[PDB]
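Taking it in order: structure first as structure tokens, then the write-up.
Naming convention: chains lettered A, B, ... in sequence-line order (proteins, then strands); numbering from 1 in each chain.
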There are 2 protein chains.
Amino acid sequence: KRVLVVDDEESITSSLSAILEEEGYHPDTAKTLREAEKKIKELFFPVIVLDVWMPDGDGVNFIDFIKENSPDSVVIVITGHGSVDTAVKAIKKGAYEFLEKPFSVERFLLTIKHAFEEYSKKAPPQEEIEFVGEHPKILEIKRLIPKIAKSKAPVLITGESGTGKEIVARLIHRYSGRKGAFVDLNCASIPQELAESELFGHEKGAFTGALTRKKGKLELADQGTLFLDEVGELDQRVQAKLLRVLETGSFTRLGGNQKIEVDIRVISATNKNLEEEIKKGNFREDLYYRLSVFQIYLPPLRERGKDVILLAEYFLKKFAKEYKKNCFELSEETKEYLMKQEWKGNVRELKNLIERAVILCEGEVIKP
Amino acid sequence: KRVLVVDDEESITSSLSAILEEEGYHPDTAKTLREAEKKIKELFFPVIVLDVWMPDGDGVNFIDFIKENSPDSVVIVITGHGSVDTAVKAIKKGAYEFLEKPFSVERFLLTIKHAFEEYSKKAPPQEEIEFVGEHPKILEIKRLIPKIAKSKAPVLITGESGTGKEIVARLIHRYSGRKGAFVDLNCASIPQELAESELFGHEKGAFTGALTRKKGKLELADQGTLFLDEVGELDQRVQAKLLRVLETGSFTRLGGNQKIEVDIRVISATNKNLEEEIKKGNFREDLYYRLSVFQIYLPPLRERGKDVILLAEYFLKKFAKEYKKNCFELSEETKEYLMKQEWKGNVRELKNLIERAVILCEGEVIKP
Ligand SMILES: Nc1ncnc2c1ncn2[C@@H]1O[C@H](COP(=O)(O)OP(=O)(O)O)[C@@H](O)[C@H]1O
Ligand SMILES: Nc1ncnc2c1ncn2[C@@H]1O[C@H](COP(=O)(O)OP(=O)(O)O)[C@@H](O)[C@H]1O
Ligand code: NA
């Protein structure tokens, strides 16, 4: 845990060093902007404590030096008493925090603590999302996604099982720009009535003897995107509750009375024709129109021309690489065979079929 | 986004409300602890500003109330000038920050910004890792894991492909309590070239045109765990560079001279016998000794008795529920046939085979 202290006065560099060292941190000090630049380029300090004023340059602007040669460093500026216009200046330049002289040991240490947890708090979801397909129907969806995404209106994705409905949903979230999490709830894979609990969470023992609070998916999706997989499988009790949430923008946990406001973009998916389910009285009509302000239809795999080959090659590579196998080409015979299949399980079926092929691999894959 | 300002003074609650309102927040105020109690049990406030002194009770204690009735609320306490003593008490009771009157509007808004950052910075509490097995060899590994975990010494996990090495590694990370990321590096999937690049990172135009900075996995695993899948597939150059990092505890990126320090717990996995690779001169003794302070041997599926059935029933139940199917039972004949396979692909092979069965699933029983 390193901390670089940049300041003109010993009262700062010494005191702070005595304090930091006393608290488990390993301090270093620079007495000039020159000496500082040296140490920054030489070694990485998670946290840098910088005086707004320095002899050999503008302490504020020096933040740019740090921004340039140590982008991960979290900066705390020290500013003279009363002069906190400089402080804002620094903050807008990208400093994380500032301390006004004079300040106590306690105030210093607390700010340092937060500087380190700011350093320790980075998001790594750099993940790219693979959405393979060149059929005109798929290219049309790919062009539509970015147009739909920057809205907050809900999206209903219709398609057979295993057609990539979740991929499209993540893409939409990605493009929407929303900073919150992508929370997916499977409304079928979950027990009939555990659903209402997954969504709303519980607090104080909602289920038989718990007394331990748990956050619902609604809440976990705050400022993000909630993906409801097979929304058609929701109890008509849950449907009603979910509706009231869409309408009020708040809810309560199971067992609690505390009002909770959420901000979610709702994406739903179904392999049913929900307009037909409404007629059969198996799905609320008002909820349907709420959830389907925008719609996207994903065609079955067998309607996608030669995407079946594209996908096969994509899976064959991904698995052969990952299971250290030496089978990287599909035989022409194999390609013909794939094109003759119905794929009732669609991409999910294809993927599993190719993964199987690789698990039992040889030099090149042919088609039993 | 709601903020509750609990303060005895009218000028305070009015001013701060107006500032919050102007900045986009949704302020609410309470002039007494009684009034604050009412609003808190009824509304969730992501952030609560509380004066250490209140007429009708001790403000610092009121933190416990909040901590009990609104656990996820982040609290900023206001303190009189000099009476920072009392702020320390509040921070110790769980307050997140404190503001010493008098304070500027920027200081206030900067602290509020940070308090919402704190509110929004959360890890996905949901997290279950399934390690299915009741064979005495697997039960022993399960007892070992929690003990091995708490240490920082590296763990080497040996076993055939598909035996659950990555699973055990996450369990160890989990039980270890480390706060950083679990960082997976597949030493095989990656081309011999990207080897050094994935681990260490780079910055400016090292190889063809890479003027864009990239963080190594070493860096990304900071305070967390680095899983080296197939550690034996690392060339002798990297082996040495990696060895150097375990010795010193620091590194530089490629095309970089800045010394960066890491705190990582290393877990490595192999399907070879590295003691033999050393005799073959394929792997360094010294690195091996550093990586093998703790060892775990995962037995092939075929050496696990009836776990093959336990696993087959676990996957069947998982996939049938997930793919909306109703094949939930293994026939006695299926169980017999499973018991007679070699499972060269081990659990990976089994899992895929059962998913296959469920994807093509017809009735409620699987037989072939
Ligand atoms: N167009 C695609 N490109 C690449 N991978 C895909 C594509 N569609 C599906 N997949 C992958 O194949 C499997 C398809 O199942 P899934 O997308 O979950 O189906 P659904 O969400 O429609 O039920 C997933 O593992 C997904 O990662
Ligand atoms: N004992 C187990 N219980 C449940 N799932 C398992 C078990 N062992 C392996 N799996 C699953 O099997 C798949 C392959 O295991 P993996 O850890 O990738 O194998 P390895 O890392 O040994 O090559 C993974 O999806 C994993 O979640
Ligand atoms: Na290996």
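In this structure, the ring of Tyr119(A) has its center no less than 6.0 angstrom from the ring center of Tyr96(A).
A salt bridge is defined here as a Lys NZ or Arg NE, NH1 or NH2 lying under 4.0 Å from an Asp or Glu carboxylate O, and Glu37(A) with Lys41(A) fails to meet this definition. Here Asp51(A) does not pair with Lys31(A) in a salt bridge; the nearest charged N to carboxylate O distance is not below 4.0 Å. Between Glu219(A) and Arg253(A) there is a salt bridge, with a side-chain nitrogen of the basic residue lying less than 4.0 Å from a carboxylate oxygen of the acidic one.
Side-chain atoms of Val245(A) and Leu218(A), non-hydrogen and from C-beta on, do get closer than 4.5 Å to each other.
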Report task. Show the numbers, then the answer: is there a side-chain hydrogen bond (donor to acceptor under 3.5 Å, both in side chains) between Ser14(A) and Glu10(A)? Result -> CA-CA 5 Å; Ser14(A) 281; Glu10(A) 294 288 339; 3.3 Å; yes
Query raised in the report: What's the verdict on side-chain hydrogen bond (donor to acceptor under 3.5 Å, both in side chains) for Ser120(A) and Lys179(B), showing C-alpha distance, side-chain angles and the deciding distance?
Result: CA-CA 9 Å; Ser120(A) 309; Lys179(B) 304 295 288 192; over 6 Å; no
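No more than 12 heavy-atom neighbours from other residues, nucleotides or ligands sit within 6.0 angstrom of NZ on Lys38(A). Surrounding CD of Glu35(B) are more than 12 heavy atoms belonging to other residues, nucleotides or ligands, all under 6.0 Å away. No more than 12 heavy atoms of other residues, nucleotides or ligands lie within 6.0 Å of NZ in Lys259(A), so this atom counts as exposed by the packing criterion. Within 6.0 Å of atom OH in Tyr175(A), 12 or fewer heavy atoms from other residues, nucleotides or ligands are found, so the atom counts as exposed in its surroundings.
Atom CD1 of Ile145(A) and atom CZ of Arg174(A) lie 11.5 Å apart (nearest 0.5 Å).
The stretch residues 108-118 of chain B participates, sequence neighbours left out, in these side-chain hydrogen bond (donor to acceptor under 3.5 Å, both in side chains) pairs: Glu97(A)-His114(B), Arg107(B)-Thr111(B).
The closest donor-acceptor contact from the side chain of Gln239(A) to the backbone of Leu287(A) lies at 3.5 Å or more, if one exists at all.
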